[PDB]
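Q: so I've got this experimental structure, pasted below with the sequence.
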Amino acid sequence: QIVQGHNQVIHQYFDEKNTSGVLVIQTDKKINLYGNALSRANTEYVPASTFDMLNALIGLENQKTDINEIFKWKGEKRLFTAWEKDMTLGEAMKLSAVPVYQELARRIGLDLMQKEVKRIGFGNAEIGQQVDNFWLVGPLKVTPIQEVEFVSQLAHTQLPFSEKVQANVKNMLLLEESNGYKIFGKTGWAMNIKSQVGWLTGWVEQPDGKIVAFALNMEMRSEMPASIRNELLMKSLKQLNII
């Protein structure tokens with residue numbers, strides 16, 4: 001049941017940021033839509049870094065890597081200085097270090113990747129012929145509703161992967177943690193489109209254990225702070241009494 005939530009206030013929040021966005025909340029097979037551009041909820045977009053969650057699942061499931069492996073930095077200048085080091089898959093997750101996730105995609109290889117993305121049904125499930133950038137520039141696209149369903153299932157260990165793998169990938173995703181409320185998830189930003197999409201997709205684990213999943217999806221400009229996504233998400237979650 002996908003419905004427009006009580007949206008008068010969150011609408012304003014999106015307006016007051018001069019963006020066009022949607023916030024999708026899933027709380028036990030109720031999905032509510034918020035924001036100032038609700039039609040985004042059913043529009044496919046490149047997932048960008050949010051795909052790392054699925055890449056990691058597939059790689060661990062198929063034993064292409066393990067959570068102790070240290071991915072070596074060979075010495076080349078990377079897009080961010082923070083990425084310029086040896087790191088594990090979990091540290092790569094937190095930093096969204098693309099080269100590590102590209103190295104993992106190339107181990108998985110094109111077939112296995114396509115077969116796994118189709119089995120999971122992630123978005124349009126098209127990865128094309130280039131195994132190491134399909135989630136960055138296309139052709140892979142996915143809706144915000146499809147993303148919230150995906151993270152909700154990960155949070156509940158309901159994806160079609162091993163329980164241990166799912167637990168290991170959840171453990172990589174912790175963003176912030178106060179008042180007994182934990183926020184897990186993954187930002188993404190498809191900086192090269194004709195239109196730049198920003199994601200923050202994840203869930204809240206409330207103190208009593210309950211899970212509320214989210215997927216924020218908005219139009220990004222270069223004028224904006226990267227932090228704008230976390231700011232709009234947290235303001236909205238507070239207004240909705242989810243945190």
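A: Everything's here; your move. Numbers count the residues shown, from 1 in each chain.
Q: got the residue ranges for the strands in the chain?
A: 2-4, 21-26, 31-35, 70-71, 87-88, 174-178, 181-190, 197-205, 211-219 (DSSP state E).
Q: and the gap between residue 27 and residue 236?
A: 14 Å (Cβ to Cβ, to the nearest Å). C-beta: built from backbone N, CA, C; applies to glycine.
Q: okay, those two: which has more neighbours?
A: residue 236 (22 against 17; other Cβ atoms under 10 Å).
Q: contacting residues around that one?
A: Contacts here follow Cβ atoms under 8 Å, 6 or more residues apart in numbering; on that basis residue 236 touches 10, 13, 23, 34, 216.
Q: thought the fourth one was touching residue 8?
A: No - counting by Cβ atoms under 8 Å, no contact exists between residue 34 and residue 8, whose distance comes to 9.9 Å.
Q: tell me the buried residues in stretch 29-48?
A: 31-38, 40-41, 45-48 (16 or more other Cβ atoms under 10 Å).
Q: do the same with stretch 208-221
A: By 16+ other Cβ under 10 Å, the buried positions in stretch 208-221 come out as 211-220.
Q: now swap in stretch 90-109 and tell me
A: 90-94, 96-105, 108.
Q: roughly how far does the spatially most central residue of the chain sit from residue 129?
A: Central residue of the chain (Cα atoms, centre = their mean): residue 50, 3.0 Å from the mean position. Look at residue 50 and residue 129: by Cβ to Cβ, they are 22 Å apart.
Q: still on that earlier bit, identify the farthest-apart pair in the buried residues of stretch 90-109.
A: Pairwise distances across the buried residues of stretch 90-109 (Cβ to Cβ) peak at 20.6 Å, for the pair 94 and 108.
Q: phi and psi next, for the residue lying farthest from the centre of the chain.
A: Distance from the centre of the chain peaks at residue 75, with 28.1 Å (Cα atoms, centre = their mean). The phi and psi values for residue 75, taken as degrees, to the nearest 10, are phi 120, psi 0.
Q: now do the contacts for it.
A: Per Cβ under 8 Å, 6+ apart, neighbours of residue 75: none.
Q: roughly how far does it sit from residue 85?
A: 11 Å.
Q: go on, residue 54?
A: For residue 54, the distance to residue 85 equals 24 Å [Cβ to Cβ].
Q: around residue 195, how many other residues sit close by?
A: 9.
Q: give me the nearest residue to it, chain neighbours excluded.
A: Nearest residue to residue 195, sequence neighbours excluded (Cβ to Cβ, 6 or more residues apart in numbering): residue 219, at 6.6 Å.
Q: list the beta-bridge partners for that neighbour.
A: When assigned by DSSP bridges, residue 219 has beta-bridge partners residue 197.
Q: show me what contacts it?
A: Counting by Cβ under 8 Å, 6+ apart, residue 219 touches 19-21, 37, 195-198.
Q: count the neighbours of the closest residue to residue 137 other than its chain neighbours for me.
A: Among residues not flanking residue 137 along the chain, residue 192 sits closest, at 6.2 Å (Cβ to Cβ, 6+ apart). By the criterion of other Cβ under 10 Å, residue 192 has 11 neighbours.
Q: would you check how far apart residue 125 and residue 175 are?
A: 27 Å.
Q: right, I'll leave it there.
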